Each structure stands twice: as structure tokens, then as C-alpha cells.
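Enquirer: So the sequences go chain by chain: N, F, S, Q and 5. Note that the authors' numbering numbers the first sequence so that position 62 is 62, with each residue one more than the last. Under the authors' numbering, residues 3 to 152, 156 to 214 are what the second sequence spells out, in order. Note that the authors' numbering numbers the third sequence so that position 109 is 110, with each residue one more than the last. Note that the authors' numbering numbers the fourth sequence so that position 34 is 35, with each residue one more than the last. Note that the authors' numbering numbers the fifth sequence so that position 44 is 45, with each residue one more than the last. We put the CB at the ideal spot given by N, CA and C, even for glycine.
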Amino acid sequence: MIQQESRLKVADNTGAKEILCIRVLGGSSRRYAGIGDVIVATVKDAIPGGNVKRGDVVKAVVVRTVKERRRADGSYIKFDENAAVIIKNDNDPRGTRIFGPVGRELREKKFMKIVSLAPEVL
Amino acid sequence: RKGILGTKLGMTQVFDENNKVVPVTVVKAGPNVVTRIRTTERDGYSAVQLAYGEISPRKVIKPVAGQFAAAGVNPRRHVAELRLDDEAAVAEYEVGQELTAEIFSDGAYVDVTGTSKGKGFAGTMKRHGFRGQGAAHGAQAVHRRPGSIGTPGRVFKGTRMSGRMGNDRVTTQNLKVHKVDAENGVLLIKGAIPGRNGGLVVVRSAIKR
Amino acid sequence: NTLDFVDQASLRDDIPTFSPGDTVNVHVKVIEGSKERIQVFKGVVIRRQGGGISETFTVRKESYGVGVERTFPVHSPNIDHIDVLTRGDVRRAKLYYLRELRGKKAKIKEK
Amino acid sequence: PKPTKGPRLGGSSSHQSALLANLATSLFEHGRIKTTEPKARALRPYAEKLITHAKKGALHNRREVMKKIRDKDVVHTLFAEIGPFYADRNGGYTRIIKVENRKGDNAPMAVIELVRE
Amino acid sequence: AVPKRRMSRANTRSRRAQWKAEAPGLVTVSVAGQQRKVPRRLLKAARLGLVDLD
RNA sequence: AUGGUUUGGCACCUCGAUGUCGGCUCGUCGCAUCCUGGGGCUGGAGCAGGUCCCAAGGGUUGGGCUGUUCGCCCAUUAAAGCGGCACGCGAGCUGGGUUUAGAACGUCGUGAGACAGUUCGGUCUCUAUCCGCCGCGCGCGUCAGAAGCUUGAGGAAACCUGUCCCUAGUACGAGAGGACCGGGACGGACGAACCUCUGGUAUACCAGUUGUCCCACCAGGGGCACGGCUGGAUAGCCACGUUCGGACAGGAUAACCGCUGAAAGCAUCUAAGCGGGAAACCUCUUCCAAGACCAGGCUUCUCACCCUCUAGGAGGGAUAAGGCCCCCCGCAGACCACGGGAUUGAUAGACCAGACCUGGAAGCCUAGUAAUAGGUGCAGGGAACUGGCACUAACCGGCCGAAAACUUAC
């Protein structure tokens with residue numbers, strides 16, 4: 001459960017290390033962003049030599065959540081951190097490499113490229 | 003519209019053929035005996051009256067025993083009426099006929115009616131979902147009270166203020182019957198049906214679906 | 002347990018005996034574009050909340066520097082088979098303290 | 002046994018525990034005591050389970066009783082006659098008799114005693 | 002808040018008439034031979050000689 | 001020309017007191033409509049708009065700055081409406097601003113001091129009588145006393161919406177672009193019910209452990225230290241959880257599109273008529289409802305016994321069906337009420353067994369110098385859940401509680 005003013009680690013190689021959630025897209029007055037949700041985020045920490053800079057307003061997708069998320073078959077998946085991957089308007093990563101596992105929810109949300117790039121999908 | 007009287011047993015878990023989980027509430031749609039026919043020419047409305055539950059013959063008072071004897075069936079604990087639409091619909095029931103669980107079929111949509119749990123004297127926060135006032139920043143003993151009540158200097162009728170909550174008849178619509186176990190007279194209804202375990206419920210074919 | 006007659010119909014046998022602490026690999030069938038494959042989840046059983054049909058167990062694993070926890074119903078048909086590798090020696094019924102331990106400190110004694 | 006639904010007896014949980022232990026001690030010491038009806042109502046199951054421990058009298062059960070009774074003479078009587086006396090009775094070791102209301106505060110009084118039939 | 006007005010006699014009496022005590026029901030019992038009335042709540046105790054009868 | 005939503009003007013109202021701005025909480029109304037709904041002409045090719053009529057059912061976001069309203073900005077959204085109600089709401093809250101006494105700066109004054117200039121600090125009282133409103137009972141009434149099941153006059157609640165997929169990359173369009181109508185799935189917010197799952201709580205549950213005192217001592221335990229502190233934690237309550245909902249259909253209509261045609265030999269959606277036509281209206285869905293005084297209906301049960309005054313009516317007593325009190329209780333509950341049981345009994349407690357929680361009891365033996373470890377042993381301990389079991393308590397018991405007749409018609 002990620003909401004406004006929440007901080008997420010970046011699971012990409014875009015040079016951003018940490019982003020702050022600004023909005024949860026997907027309907028007015030929407031509250032929480034789970035795995036597979038797109039958020040508007042601002043970069044708080046960045047690699048000194050990276051392509052992105054601090055204070056950039058970007059669009060990211062949540063790939064891990066600390067709060068366990070139910071699945072259709074009654075099983076649950078839970079990670080140890082909230083992580084996001086910066087994307088462009090066409091739902092492709094702005095980076096070239098994804099770090100750490102991701103959830104299966106990225107398949108039904110049509111994030112095929114992120115799924116393919118990920119080391120493992122759970 | 004079919005109907006039957008039952009009892010809420012509890013809720014459990016089952017899996018359908020796509021391996022998804024279905025949380026199902028178990029309802030004991032026990033045997034019901036038709037006790038009276040309401041006809042337009044006699045009562046002004048068409049309806050059928052069903053009896054359910056098992057009770058000792060020494061517990062029924064004389065008026066009830068007389069009514070059951072006039073019907074021609076042995077007494078039961080609970081009695082309720084099913085309101086049909088027209089005489090053509092009520093022609094298919096006759097007194098003494100027994101209804102069991104198989105009147106419903108798998109995948110059917112049903113309307114369960116029961117009495118909600120009691121919650122006692124409840125505040126506006128719980129009875130009506132009022133947002134509270136601040137817990138700090140100077141708020142003085144108003145952490146849960148409604149606040150304003152709002156020319157004529159009169160509290161208009163319908164004020165959503167605190168009071169007794171619960172214990173009302175509730176209908177849940179468009180519940181799917183996952184399975185109709187004919188051996189035990191048990192309906193497996195996907196979803197949560199009103200009331201506590203062991204309460205009386207009425208299962209009717211959905212009016213919408 | 003009044004609902005037992007309902008329960009036993011869907012109850013699933015052949016389930017191996019295991020306790021919190023053992024290391025198991027769970028063979029989980031998944032859907033990948035409408036075809037079948039079995040994805041193996043190997044980790045430590047950190048809890049088991051008895052419920053009969055609603056029995057659940059939790060397997061925790063460390064993968065690529067991030068811990069992952071997965072909760073499965075014990076009698077879920079989505080699990081084709083469970084295999085227990087080793088038996089662990091623990092003093093608790095629920096191993097929640099393992100969520101704060103990494104590597105050397107996160108090891109489990111062997112029975 | 003079943004914890005009290007409402008507020009505790011002595012005004013706190015620890016006070017209620019001490020009250021119950023003392024009341025059981027007096028009951029086993031004398032055979033019948035007179036107290037307010039809620040106190041006897043709460044005392045019945047507690048004393049009945051202590052007697053159950055005494056019935057199957059082993060060292061383990063003796064220590065189980067001592068961790069509540071705290072009085073060694075009462076424990077000795079409980080494991081020497083009260084236990085063996087109820088050897089062939091399954092439950093219902095105590096009975097409650099309602100008596101006349103108290104004068105100072107109109108508190109309903111009741112007398113709780115061990116059955117000796 | 003303070004009463005804005007003095008209650009009339011009718012209203013005061015009508016509200017005051019609700020403050021009353023109900024009569025307990027009594028049943029007969031034989032203690033030491035002589036019959037006497039006792040509340041049914043105390044019947045068993047009277048039969049056991051646990052209530053003082055003046 | 002409207003309105004008294006803006007500054008005004010009057011001083012009719014209060015100086016033996018009518019709280020002054022914003023904000024929070026909770027509303028209610030208007031339509032001069034922000035979205036959704038129906039339209040029309042387009043300087044409308046389609047898309048999309050422009051503008052305009054009908055339409056008030058629902059909805060109308062979260063933050064930065066400022067005491068702020070206002071306002072600017074940041075992200076969204078279908079949309080981020082305008083107003084009335086003491087510019088709603090301090091015996092509901094705040095006290096940041098304004099509006100006492102302290103102090104400073106600028107300016108004015110010789111000075112005490114002053115400034116619809118600034119700056120820091122600065123007591124917000126009350127046990128609800130009446131009306132009102134939310135809930136709950138007692139009494140009486142409904143032409144004998146009761147009990148089941150109900151009809152419903154009449155009210156209340158609810159009414160939101162997006163994206164994607166097929167039709168269709170077609171109509172139109174130089175192309176770009178881009179459809180109508182109709183089906184399907186998944187969502188956001190809101191609401192209700194529920195506790196199988198997840199998660200929270202846990203003051204009579206299990207285990208670990210610190211300090212100290214006690215149980216003569218060891219062992220094993222106990223009291224106190226926020227339940228001493230920690231790790232878990234079934235039931236109940238709950239949401240962060242589960243499931244369901246907003247309908248479909250009909251009727252009369254608005255703007256509007258029409259048919260059949262007069263006055264007025266033609267024409268005219270019209271003055272006669274007849275049709276279509278919206279989230280608005282009436283039904284439809286859910287709930288309350290016969291104190292609905294027109295006090296309803298269908299049934300079933302009791303369906304009788306005295307005494308007194310004076311025999312006119314009344315009064316009193318005892319009963320039936322039934323009810324209440326006392327009693328055992330409840331997931332029903334402030335009290336009351338409601339629901340169940342009452343020996344012809346499983347209502348509660350105990351007891352036995354299971355489920356579940358905890359996690360391997362005590363004693364003994366073995367190994368070790370000891371801390372401690374292994375066996376006996378899925379051990380011991382235990383609340384709520386389930387099934388058995390009259391062992392304990394529901395008792396040799398009290399109080400209430402049933403008919404004037406007449407008129408007409410058949």
C-alpha cells in the first residue's frame with residue numbers, strides 16, 4: 001500500500017535511487033497503489049553521474065509492496081520493500097535493466113517489457 | 003420465484019474448476035412443509051406459507067397446535083410466508099407438500115433474507131460512519147461526538166445521530182449458489198449472508214438476476 | 002466441528018508431514034500465456050496456521066538480495082506436490098524473527 | 002475458565018485474582034462461606050477446577066494447585082480428604098444457595114458450599 | 002443548562018409519580034412448623050434454615 | 001426590471017451582554033448546471049467544440065504558500081458549480097487573525113501618550129427545565145379474553161462513474177484523424193452485511209527473562225515492578241479483509257421530433273385528437289409501518305362460576321386460553337425490552353473428548369567440571385468453538401387474566 005508522500009526504492013538502472021509518490025493514477029481520489037499501479041513520482045536521491053536528476057517529476061510503476069497482496073487462487077505474495085520502475089508514456093522502462101524480483105501482477109497490467117527484463121517474476 | 007426456509011451454519015472455503023478459491027456460507031435449507039395457501043379470492047393476495055424447524059409437541063401453545071391440526075401437519079418451530087405474483091404461480095403448491103433443497107440448481111442466483119447481528123447502543127462513528135474530529139491540536143473532548151446539528158431553530162427529522170444499531174431484517178441480492186448438496190439439504194452460497202450462526206434465513210430466487 | 006462433513010470432501014491427502022523450520026521446495030503450477038509449467042519455491046517454512054481445510058503455511062526465501070514470503074493454503078490444488086528437504090531445529094511455533102536476519106544469522110539448525 | 006465479560010470483581014484483574022484465590026482458600030478451609038452472589042457465581046468454576054486437580058492427585062497436580070492456593074494446610078486437606086472424597090463424582094462438587102440481601106448496601110448474598118451427600 | 006422556568010404542579014407530579022417501589026412476591030413456607038411468607042428467591046435457603054425469620 | 005450574495009444609506013431591535021474571521025464536524029435548500037442524462041442550429045465533413053433549451057437524481061480530489069476567505073501554483077479527475085440559511089453551525093471544538101493589560105521598531109506629540117503601521121507573548125465557564133431530534137419502555141385504547149401469520153394507507157433509504165475488448169479502423173474525410181447503435185470484462189469512490197482468508201486488538205491463555213521479597217532450604221513456584229518487559233496468541237469486536245449493491249421493465253412527461261387538420265377553401269406537431277421523448281416525476285429495489293381513531297385481514301384457542309347492594313345497574317371474588325414475576329441463561333442488552341430453557345430438562349457451570357493456541361511440563365535417568373543438552377514425550381498447560389454427560393443450579397410458587405344491549409335488512 002503506497003500512497004501520497006510515500007517513498008519507494010527504484011529497481012532500475014536509470015540513476016535514480018529513491019522516489020516520492022505524488023499521485024496514484026487511475027481514478028479521482030484513489031488512495032493506495034498496489035503491485036502494477038502507475039504513480040507520478042519525484043526523484044529524491046540520484047546517482048551523481050546518472051541520466052536523471054533530483055527533482056525530476058517522472059512516472060513509475062510499483063513492482064514490490066511490503067503489504068501482502070491477495071491473489072485469485074487464495075495465495076499471498078509479500079516482499080520486504082516497496083520498489084518502483086520508471087517508465088515512459090508507452091509503458092516501457094526508461095532503464096535497460098531491472099533489479100530484484102517482481103510480482104505476477106505486471107502481466108495482466110500489460111507490462112510485458114518489464115516482465116521480460118526482470119531477473120525473476122513471482 | 004422459488005423459496006425455502008433455512009438456517010445459517012457457518013462459512014468455509016471451496017475451490018472451483020479454475021482452482022480459484024470461493025468463500026462459501028453453508029445454509030441448512032432443511033425440509034419445509036407448506037401449511038397454508040393465501041388466495042386472492044380469500045385473502046386478497048396470493049402467497050404460500052411454509053413451516054420449518056423441529057419442536058416438541060408439548061411446547062406449542064393451543065392456538066398454534068389447532069392451526070397446525072387444521073392444516074393437517076405436525077407442528078414446526080418457525081412459520082413464514084412467501085409472497086407470489088398471481089394464482090397461476092401459487093397453483094403449484096398444495097398443503098402438506100414438502101420442499102427440500104433441490105428446488106435450487108447449481109449456479110443459480112438467490113436472495114437470502116435474515117436478521118442482522120445486534121450491535122447495541124452505537125455512536126455516530128460506528129452507526130453512520132461519521133468522520134471524527136482531531137485527536138490533538140487542541141481538540142477538547144470532541145474526539146468522537148457528531149459536532150454540529152444544524156433559521157427555525159429546529160433539529161430536522163432524520164438526524165443521523167447515535168442510537169441502537171443492528172437487529173434488522175436484511176436482504177442480500179444476487180448471491181450465487183456454488184453447490185446444492187442434496188444428501189444433507191445444504192446450500193453452498195458464495196458470499197456472506199446476514200445474521201449469526203443458527204439463525205433463520207429465507208432463500209429466494211433473485212428478483213433481479 | 003460441524004462443518005467437517007463438508008470439509009472432508011475437499012480435504013487433500015498425500016501431504017507430507019512438516020513443521021515450522023523445515024526447508025521445503027513447493028512445486029507450484031502457474032499460468033504463462035495459457036500454458037502450464039511448475040515453478041519451484043524453495044525456502045524455510047516459518048509458520049503454519051492450523052484450520053483443517055483452511056490450513057495455511059508460509060515459506061520464506063532469500064532471492065537476489067530481497068527476502069520473499071509466500072503463503073499457500075495447505076490443501077490448495079494449485080500445489081501439485083510438496084517435498085521436504087531438511088528438518089529444522091527451532092524453539093518457537095512461528096519464526097517471525099527471521100524477517101530481520103540475513104545470511105549467517107538467518108541459518109537454521111538441522112535436526 | 003471463562004473470563005468475566007464485564008469489569009473485574011475487585012476493581013482490577015490482579016485484585017480479582019487475589020480475591021478468587023482467597024475465597025477458594027476459605028471455602029476449602031471451612032466447607033461453606035457466605036459472600037455476594039456475583040462472587041459465588043465467579044467462584045464456582047474456579048474451585049471446581051482446583052478440586053479436579055486434587056482428584057487426580059500427583060506431584061504435577063499438587064504443584065498446579067499450589068501455584069494458586071499459596072496455603073499449605075489447605076493444600077494438604079485438599080489432597081488428603083477433599084480429593085479422595087470426590088473420587089467417584091464427575092463434576093458438580095459445589096452448590097450455591099441464595100440468601101437474604103445485605104443490610105448496608107442491599108447486595109445480594111449467597112452461600113457456596115461443597116456437596117457432602 | 003439551567004431550567005428556564007418553574008415547573009407547574011401538574012408536570013412535577015406527573016413525572017414524580019414514576020418514582021415508586023414494586024411489591025415483592027411472597028410464597029408460603031414451613032419453617033419450624035409455622036407457616037410464613039418468604040420471597041421465592043429465598044425458598045431453598047429457608048428450607049435449609051439459612052435465612053433469619055423474626 | 002429581479003434579488004437582498006457586495007460596499008452602502010436609515011437607526012426600528014437590543015449597552016440590568018445578540019461571540020467578532022477563517023478552519024474542523026454535521027447539515028438543509030435554490031438552480032442562475034461543473035460532470036453524468038435528453039436535445040437543436042451550426043460560421044458542425046468525422047473527431048471536437050461554439051452557442052444555446054430541458055434537466056437538481058447522484059457526484060463534485062489530495063497537497064505547497066498565507067491566520068486567512070480570496071488567490072497563485074503542483075499533481076490528478078467524468079467534474080474539480082454558483083449561491084441562501086445570524087456572510088448555517090464556539091451551552092459542538094479550535095484561538096492562528098482581530099480586540100485589554102507586558103515589550104520593541106518606524107512615524108506623530110514638548111509631554112502623559114497615539115497610529116482602520118508592524119513585531120513577540122497573552123484564562124474560550126455551565127450537572128439540559130421546555131421545545132426539537134435519535135433511541136427504549138410503562139399505561140390505556142382498537143366493544144369478551146388471548147395467540148400465530150399477515151395486507152398495506154403512509155413514510156424512509158438508495159440513485160455516482162471510468163478504462164479496455166468486439167463490432168470498426170467502417171461512415172465522413174485530399175489524408176491525417178475518426179465513428180453511431182449494441183454486447184462483454186475489469187476498475188475508482190460510496191454503502192450494507194459478514195469473520196472463511198489477511199491483518200489489528202487480547203488485564204483469568206502458553207512460553208522466555210531482569211530486579212527484589214516470600215513459600216524453611218535445593219528443585220519447583222508465587223507477589224510487586226505499565227499485564228514488569230518481551231515472543232506468540234483461539235473467541236468476540238473490527239478493516240487494511242471477504243461478499244453483495246446502484247439495476248431491468250412499465251406509465252405519464254420536460255426541451256424536442258412527429259401524425260392526422262380546422263378556424264383562415266391552402267398551410268399550420270394544435271385550438272379536436274393521437275404517438276415517440278431524459279439520471280428529473282409515479283411505479284420498480286431495500287426497510288419501517290393498523291395510536292392508519294376508517295385503530296384492518298385470515299385463522300386458531302378459552303368459550304365459564306360464585307357472592308353482595310338491590311334486582312337497574314354496579315361492585316367484589318374465583319377461574320379458563322394465556323401472560324408476567326421469581327429461577328438458569330444469551331453473540332439480546334444502559335435500565336427496560338427481546339430471545340431461549342425450566343426435571344416430560346442439555347439453559348449455564350462442572351466433567352469427558354475433540355478442535356485450536358502455545359511449544360516440549362514436573363519427576364526421574366543419561367552426558368558435561370559447570371553453564372546446559374538429550375530421553376521418557378506432538379509433552380504439559382489452557383478461555384470463548386463443537387459433541388457427549390443431569391454431577392451442580394433452574395425450586396413441594398406467587399400475581400394477573402373472558403361478553404350491556406338495541407335498530408334495520410336479509
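Show which residues of chain S have a CB atom less than 7 angstroms away from the CB atom of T27 (chain F).
Expert: If you number the second sequence from 1, residue 27 (chain F) lands on position 25. The contacting residues do not exist; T27 (chain F) stays about 11 angstroms from chain S at best.
Enquirer: Does any CB atom of chain S fall closer than 8 angstroms to the CB of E120 (chain N)?
Expert: For the purposes of this step, residue 120 (chain N) is taken as the residue at position 120 of the first sequence. Yes - at least one Cβ of chain S is within 8 angstroms of the one on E120 (chain N).
Enquirer: Could you tell me which of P85 (chain Q), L44 (chain Q) and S27 (chain Q) sits nearest to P4 (chain Q), measuring between CA atoms?
Expert: Indexing the fourth sequence from 1 puts residue 4 (chain Q) at position 3. Of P85 (chain Q), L44 (chain Q) and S27 (chain Q), the residue nearest in Cα terms is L44 (chain Q).
Enquirer: Is it the case that the Cβ atoms of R63 (chain Q) and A22 (chain Q) are separated by a distance below 8 angstroms?
Expert: Translated into the one-based positions of the fourth sequence, residue 63 (chain Q) becomes position 62. Translated into the one-based positions of the fourth sequence, residue 22 (chain Q) becomes position 21. Their beta carbons are not under 8 angstroms apart, which means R63 (chain Q) does not touch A22 (chain Q) by this criterion.
Enquirer: Extract the residue ranges of the alpha helix (DSSP H) inside the stretch 7–77 of chain F, only unbroken runs of 4 or more that lie entirely within it.
Expert: Correct list: 42–45 and 64–73.
Enquirer: Taking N107 (chain Q) as the reference, give the member of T37 (chain Q), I113 (chain Q) and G32 (chain Q) with the closest Cα.
Expert: In the fourth sequence, the residue the question calls residue 107 (chain Q) occupies position 106. Out of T37 (chain Q), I113 (chain Q) and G32 (chain Q), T37 (chain Q) has the C-alpha closest to the C-alpha of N107 (chain Q).
Enquirer: Could you check whether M1 (chain N) and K78 (chain N) sit closer than 8 angstroms to each other, using their CB atoms as the reference points?
Expert: Taking the first residue of the first sequence as position 1, residue 78 (chain N) is located at position 78. Taking the first residue of the first sequence as position 1, residue 1 (chain N) is located at position 1. No, these two residues do not count as a Cβ contact at 8 angstroms.
Enquirer: Which whole-angstrom value is the C-beta distance of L7 (chain F) and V50 (chain F), which I expect to be below 8 angstroms?
Expert: Mapped onto the second sequence, residue 7 (chain F) falls at position 5. Mapped onto the second sequence, residue 50 (chain F) falls at position 48. Going by Cβ atoms, the distance from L7 (chain F) to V50 (chain F) rounds to 12 angstroms, so no, they are not a contact pair.
Enquirer: Our contact map puts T176 (chain F) next to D113 (chain F) with C-beta atoms below 8 angstroms; I'd like the distance itself, whole angstroms only.
Expert: Numbered from its first residue, the second sequence carries residue 176 (chain F) at position 171. Numbered from its first residue, the second sequence carries residue 113 (chain F) at position 111. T176 (chain F) to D113 (chain F), Cβ: 6 angstroms. Contact.
Enquirer: For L101 (chain F), which residues does DSSP report across the bridge?
Expert: Start at 1 with the first residue of the second sequence, and residue 101 (chain F) comes out as number 99. Its beta-bridge partners are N34 (chain F).
Enquirer: Under the rule that 16 or more other beta-carbon atoms within 10 Å means buried, what is residue 129 (chain N), buried or exposed?
Expert: Past the edges of chain N, shown from 1 to 122, lies residue 129 (chain N), and the structure says nothing about it.
Enquirer: What do you reckon, are the CB atoms on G26 (chain N) and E105 (chain N) nearer than 8 angstroms?
Expert: Against the first sequence, residue 26 (chain N) aligns to sequence position 26. Against the first sequence, residue 105 (chain N) aligns to sequence position 105. The answer is no: Cβ separation not under 8 angstroms.
Enquirer: Rounded to the nearest angstrom, how far is the Cβ of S77 (chain S) from that of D73 (chain N), given a contact under 8 angstroms?
Expert: Locating residue 77 (chain S) in the third sequence gives position 76, where the first residue counts as 1. Locating residue 73 (chain N) in the first sequence gives position 73, where the first residue counts as 1. 7 angstroms between Cβ atoms; contact.
Enquirer: What first and last residue would you give for the beta strand (DSSP E) that runs through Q50 (chain S)?
Expert: Counting from one through the third sequence, the residue named residue 50 (chain S) turns up at place 49. Note, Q50 (chain S): beta strand (DSSP E), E37 to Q50.
Enquirer: So, is the C-beta of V32 (chain 5) closer than 8 angstroms to a C-beta in chain Q?
Expert: Counting from 1 along the fifth sequence, the entry for residue 32 (chain 5) is found at position 31. By this cut-off, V32 (chain 5) is not an interface position.
Enquirer: Report the three-state DSSP secondary structure of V76 (chain Q) (helix, strand or coil).
Expert: Taking the first residue of the fourth sequence as 1, we reach residue 76 (chain Q) at position 75. In this structure, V76 (chain Q) counts as helix in the three-state DSSP scheme.
Enquirer: Based on Cα-Cα distance, which residue from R61 (chain S), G22 (chain S), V7 (chain S) and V27 (chain S) lies nearest to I16 (chain S)?
Expert: Within the third sequence, the letter at position 15 stands for residue 16 (chain S). Looking at the Cα atoms, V27 (chain S) is the closest of the given residues.
Enquirer: State yes or no: is the beta carbon of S77 (chain S) nearer than 8 angstroms to at least one beta carbon in chain N?
Expert: As a first step, residue 77 (chain S) is located in the third sequence; it is residue number 76 there, counting from the start. For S77 (chain S), the answer is yes, since a Cβ of chain N falls inside 8 angstroms of its Cβ.
Enquirer: For chain N, is any of its Cβ atoms less than 8 angstroms away from the one on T72 (chain S)?
Expert: Reading the third sequence from its first residue, position 71 is the one you call residue 72 (chain S). Output row for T72 (chain S): interface = yes.
Enquirer: Within 10 angstroms of the Cβ of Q99 (chain F), are there 16 or more other Cβ atoms? Answer buried if so, exposed if not.
Expert: In the second sequence, residue 99 (chain F) corresponds to position 97, counting from 1. That one is exposed.
Enquirer: Could you please give the first and the last residue of the uninterrupted alpha helix (DSSP H) stretch that includes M112 (chain N)?
Expert: The residue labelled residue 112 (chain N) in the question sits at position 112 within the first sequence. First-last of the alpha helix (DSSP H) with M112 (chain N): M112 to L117.
Enquirer: Across the stretch 46–56 of chain Q and the stretch 10–27 of chain Q, are there enough close Cβ pairs to call them in contact, namely three or more that are closer than 8 angstroms?
Expert: Output reads yes: the stretch 10–27 of chain Q touches the stretch 46–56 of chain Q.
Enquirer: Could you tell me the distance, in whole angstroms, from the CA atom of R165 (chain F) to the CA atom of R129 (chain F)?
Expert: Walking along the second sequence from the start, residue 165 (chain F) turns up at place 160. Walking along the second sequence from the start, residue 129 (chain F) turns up at place 127. Their backbone Cα atoms lie some 8 angstroms apart in a straight line.
Enquirer: Leaving aside the five residues before and after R103 (chain Q) along the sequence, list all residues of the same chain whose C-beta is less than 7 angstroms from its C-beta, in chain order.
Expert: Taking the first residue of the fourth sequence as position 1, residue 103 (chain Q) is located at position 102. So the qualifying residues of the chain are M110.
Enquirer: Just mark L8 (chain N) as buried or exposed, buried being the case when its beta carbon has 16 or more other beta carbons within 10 Å.
Expert: Here residue 8 (chain N) refers to the residue found at position 8 of the first sequence. Looking at its Cβ environment, which holds 16 or more other Cβ atoms inside 10 Å, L8 (chain N) is buried.
Enquirer: Can we count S29 (chain N) as close to the ligand GTP, meaning its CB is less than 7 angstroms from some heavy atom?
Expert: The ligand GTP is not part of the structure shown, which contains no ligands of any sort.
Enquirer: Which residues in the same chain as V182 (chain F) place their Cβ atom closer than 8 angstroms to its Cβ, once the five residues preceding and following it in sequence are excluded?
Expert: By one-based count along the second sequence, residue 182 (chain F) stands at place 177. Only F106, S107, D108, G109, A110, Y111, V112, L192, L193, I194 and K195 meet the Cβ criterion.
Enquirer: Name the two residues that bound the continuous alpha helix (DSSP H) containing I70 (chain Q).
Expert: As a first step, residue 70 (chain Q) is located in the fourth sequence; it is residue number 69 there, counting from the start. Looking at the DSSP string, the run of the alpha helix (DSSP H) that includes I70 (chain Q) is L60 to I70.
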